[PDB]
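Chemist: Mind looking over this structure? Questions follow.
What follows draws every value from the coordinates through simple rules; no lab data is involved. Ideal geometry is used to build each Cβ from the backbone, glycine not excepted, and the neighbour counts take in all protein chains shown.
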Amino acid sequence: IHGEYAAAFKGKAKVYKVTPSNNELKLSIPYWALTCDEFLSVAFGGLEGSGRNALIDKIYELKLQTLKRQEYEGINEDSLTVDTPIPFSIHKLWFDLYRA
Amino acid sequence: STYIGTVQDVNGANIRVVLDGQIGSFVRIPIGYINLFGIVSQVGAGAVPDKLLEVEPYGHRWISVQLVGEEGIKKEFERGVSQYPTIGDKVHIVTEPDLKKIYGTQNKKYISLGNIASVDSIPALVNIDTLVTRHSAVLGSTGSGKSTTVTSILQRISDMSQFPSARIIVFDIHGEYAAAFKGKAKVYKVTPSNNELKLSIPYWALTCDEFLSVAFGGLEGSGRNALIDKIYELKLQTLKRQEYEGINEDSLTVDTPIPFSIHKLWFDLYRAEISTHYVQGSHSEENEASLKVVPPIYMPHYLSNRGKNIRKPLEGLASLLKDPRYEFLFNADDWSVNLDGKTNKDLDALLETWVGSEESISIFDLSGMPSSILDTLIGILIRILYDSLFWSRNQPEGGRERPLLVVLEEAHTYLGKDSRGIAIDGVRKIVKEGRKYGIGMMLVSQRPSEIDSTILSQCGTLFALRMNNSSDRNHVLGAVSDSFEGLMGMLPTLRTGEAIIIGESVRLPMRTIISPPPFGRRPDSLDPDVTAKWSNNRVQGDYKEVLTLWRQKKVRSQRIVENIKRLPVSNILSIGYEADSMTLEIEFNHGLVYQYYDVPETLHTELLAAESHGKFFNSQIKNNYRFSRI
Ligand SMILES: Nc1ncnc2c1ncn2[C@@H]1O[C@H](COP(=O)(O)OP(=O)(O)OP(O)(O)=S)[C@@H](O)[C@H]1O
């Protein structure tokens, strides 16, 4: 967490971080690679009422819309649960829900 | 004639002797006709009396006599002494005949398990009825005998010639005991194998509380009562449709095991929570606008008025029915409950499989079990058996005419002084009341300090292996019914394997070396070997599959071969091969079966003619082809 090991391994490590460098890649944690409970906690800081209830309905819709629109082997409309890491657009979620 | 010293000053109990022998060794003191044996744990260095030391602080040749028992009139050796040693008595070393007779017995009830340290020729006899009635436990350091001793006990006690109708059960979390009993024991696991059944616990074999304590986390609202209400009609509805003997509507209790389909409840319960209502205020299901879980879509919101704030558990429960890790519970293959609630069988077969099998041992390896709900399940397994034997004590298959012996692995994580689970309450109940129902108890744990103080004390006999930490020793040393200052000062230095047996299951507490079981019959756990599995050179892994398995929640690839035959031959046992798909099947010891893919059969012929198995297989197959082990 202090980022004090990258100096030890000159060319034996693959150091990831926030600020990209000449040869050190940038740590990337795809936001759609998260389970439903964790995603709500990281972004919204914790919803309890209808908002927590409503968002999941929106997440379910989008991950359904992507599946009908693209092929993922094995997953169907019955085998799909909200925490299957299938990509969806956060921008569409915020924009549509907020615009409406 | 190793004369050491003779008594010269008797002051009631703290005798004194003037002089002219292992620590845990008895002593011989003949008095006229009766021989006195006991543990003189104080001799020499610590035995020198502080009072007289000022005269000669340079020697330690004093012994204080306080016996354990006396030899009868040519009959036997029994605890207590009718007289105490006096002036003129001389102490010798005990002899082999004395050891034979002191530990010897004419009673067939006892059983020989281990051997004494002095001369292994002596067999260590231990009661079997006390062992199964007065309860017991095994303690020791993580590097001590522990699991190697318990297997020896169960293997000796489970001998068919002497006990053709033994009946015991074992709980293992690492699955480390199956290998010791290759084909002598019924071993059930979650991930089934070729010769292993499914360790299945029908969820409807639970009381309302236990069921509410696994799939809901302890709902504490008005909605909680509704589930108890909701299950009641479902369990009531099944009673009307299918007739069961002995129970009617009047005496129905929500905690009685009557079959019900958990599928129906959620589909009915959740559906009534969200749905469009054609007529405002109409809660009937006919105003809304089954084989598969897929719920039909509905128009946007009115909302059904028959619902509550249990929306989160409902969506929480549905998830628990999806993942295959719980398939042992909610999708019991034969005990799968249909839509109408009628199952294929009843629990009698389940009990028959668990305990009614002709084999003595029953093993439930829980390694693959999720660790979050392990404790809850343990309480479930103890509870069900008791009510099976408590209501069948008079019947000829109960615990009175066929006593049980439940064995628990690493109990100390479930007998916490402040534990609030179901295992401790279930275990405590057996200890208090299982006595007269023929239900024993053996506990295994590497850290008794966490075990509840009350629960540990009532244990009959304790097998005390080596203990290093000073916290556990004192805790055990305080819960010993018949303990000796000569035998318990040695606990933290016992060599591996050997244990100490103390309690009411033996005439005397003795330090025995439990006999190791035959090689090839030992408790083994097949954990990955990093040193061997990292030493091999790199391979271009194909991570595209690792994602599909993770997404699909499966563990088997689509590229597996099932109907390939095998023929018997480092220690290669069996091998297959197929030119149709160039798939090679290989089998080694311990049931390990790989399948190396994309392999020409030219090597197959070479391997058969190589006649150099073990040293030649690794030459061109170990790290040269893609394999998906099975
Ligand atoms: N009678 C014995 N003679 C020689 N070695 C023994 C004997 N008993 C045990 N051992 C050795 O010491 C090891 C102790 O480890 P285990 O037998 O696996 O027991 P444990 O690990 O303490 O208990 P768990 O339930 O597996 S954590 C054994 O694997 C043996 O190598």
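Chemist: Using a cut-off of under 17 Å, list every residue of segment B:328-350 whose amide N is near the label point 7 Å from the Cα of B:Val555 along the Cα-to-beta-carbon line.
Modeler: B:328-333
Chemist: Say the dipole of segment B:156-292 comes from +1 at the beta carbon of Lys and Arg and -1 at that of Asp and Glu; which of B:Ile168, B:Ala179, B:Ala215 then lies farthest toward its positive end?
Modeler: B:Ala179
Chemist: Using the Cα atoms of segment B:345-416, I'd like the radius of gyration and the largest Cα-Cα distance, Dmax, both in angstrom.
Modeler: Radius of gyration, then largest Cα-Cα span, for segment B:345-416: 13.7, 38 Å.
Chemist: Could you sort out which of B:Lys108/B:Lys429; A:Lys12/B:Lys533; A:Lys63/B:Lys189 sit more than 26 Å apart by Cα distance in this structure?
Modeler: B:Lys108/B:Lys429; A:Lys63/B:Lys189
Chemist: I would also like to ask the following. Once the piece of chain linking A:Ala7 and A:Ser50 is laid out straight, how much longer is it, given 0.36 nm per residue of separation minus the C-alpha distance between them?
Modeler: Going from the current span to full extension adds 10.6 nm.
Chemist: Next question. Please compute the volume of the convex hull spanned by the alpha-carbon atoms of the protein assembly as shown and report it per residue in Å³. Spell out each step's value before the answer.
Modeler: Values: hull volume 208.1 nm³, N = 730.
Output value, Cα hull per residue: 285 Å³.
Chemist: Related question: Listing B:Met442, B:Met488, B:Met467 from the residue with the fewest other Cβ atoms within 10 Å to the one with the most, what is the order?
Modeler: B:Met488, B:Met467, B:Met442
Chemist: Hey, what do the phi angles of segment B:76-90 turn into as Karplus ³J(HN,Hα) couplings, whole Hz, using 6.51/-1.76/1.60 and θ = phi - 60°, x for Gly and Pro?
Modeler: Listing the rounded values in order: 6, 10, 10, 4, x, 10, 6, 9, 9, x, 9, 5, x, 5, 10 Hz.
Chemist: Measuring from a point 7 Å past the Cα of B:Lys198 along Cα-to-C-beta, which residues in segment B:324-356 have an amide N at less than 11 Å?
Modeler: Of the residues in segment B:324-356, B:326-337 have backbone N under 11 Å from the label point off B:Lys198.
Chemist: Okay, moving on. Once each part is reduced to its C-alpha centroid, what is the distance from segment B:44-113 to segment B:259-276 in angstrom?
Modeler: Segment B:44-113 and segment B:259-276 have Cα centres separated by 75 Å.
Chemist: Can you return the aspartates and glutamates within cross-link range of A:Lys92? Criterion is Cα-Cα under 13 Å, with same-chain partners fewer than 8 residues away left out.
Modeler: Partners found: A:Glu61.
Chemist: Another question, then. Taking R0 as 30 Å, what FRET efficiency do you get between B:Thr191 and B:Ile23 from their Cβ-Cβ distance, rounded to the nearest 0.05?
Modeler: Calculated transfer efficiency: 0.05.
Chemist: Evaluate E = 1/(1 + (r/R0)^6) for B:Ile93 and B:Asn469, where r is the Cβ-Cβ distance and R0 equals 25 Å; express this FRET efficiency to the nearest 0.05.
Modeler: 0.10
Chemist: Follow-up. Extent of segment B:212-356 along each principal axis, from alpha carbon coordinates, in Å, largest to smallest?
Modeler: 56, 38, 31
Chemist: P(r) for chain A, please, calculated from all Cα pair distances in 10 Å bins and given in %.
Modeler: Pair shares across the bins are 12, 34, 24, 20, 9, 0.
Chemist: Follow-up. If I model a spin label at B:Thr548 and B:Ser483 as a point 7 Å from the Cα along the Cα→Cβ vector, what separation in nanometres do I get?
Modeler: The answer from the label model is 6.2 nm.
Chemist: Past the 16 angstrom mark, what percentage of all C-alpha to C-alpha distances in segment B:80-154 do you count?
Modeler: Counting every Cα pair in segment B:80-154, those more than 16 Å apart make up 67 percent.
Chemist: HN-Hα J couplings of segment B:554-569 from phi, Karplus 6.51/-1.76/1.60, θ = phi - 60°, integer Hz, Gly and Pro as x?
Modeler: 10, 9, 10, 7, 6, 9, 8, 10, 10, 9, 8, 7, 9, 10, x, 4
Chemist: So what J values fall out for segment B:416-421 if you push phi through Karplus, 6.51 cos²θ - 1.76 cosθ + 1.60 with θ = phi - 60°, rounded to Hz, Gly and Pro as x?
Modeler: Result, ordered by residue: x, 4, 10, 4, 10, x Hz.
Chemist: Would you mind checking the pairs B:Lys109/B:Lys436; B:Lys240/B:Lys345; B:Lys109/B:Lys146; A:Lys17/B:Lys322; B:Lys322/B:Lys345; B:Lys198/B:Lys553 and listing those with alpha carbons more than 27 angstrom apart?
Modeler: Long pairs (Cα-Cα over 27 Å): A:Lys17/B:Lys322.
Chemist: Roughly how crowded by other chains is peptide A:72-84, in terms of the mean Cβ count from those chains within 10 Å of each of its Cβ atoms?
Modeler: Mean shielding by partner chains, rounded to a whole number: 4.
Chemist: Moving on. Using a Förster distance of 56 Å, how high is the FRET efficiency between B:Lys308 and B:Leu351, based on the Cβ-Cβ distance and rounded to 0.05?
Modeler: After rounding to 0.05, the efficiency reads 0.90.
Chemist: Simple spin-label model, 7 Å along Cα-to-Cβ: B:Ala289 to B:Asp529 in nm?
Modeler: Taking the simple label geometry, B:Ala289 and B:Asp529 are separated by 6.9 nm.
Chemist: Return the Rg/Rh value of segment B:163-279, two decimal places, where both radii are evaluated on C-alpha atoms and Rh is the Kirkwood radius. The partial results should precede the final answer.
Modeler: Numbers: Rg = 20.2 Å, Rh = 18.2 Å.
That ratio equals 1.11.
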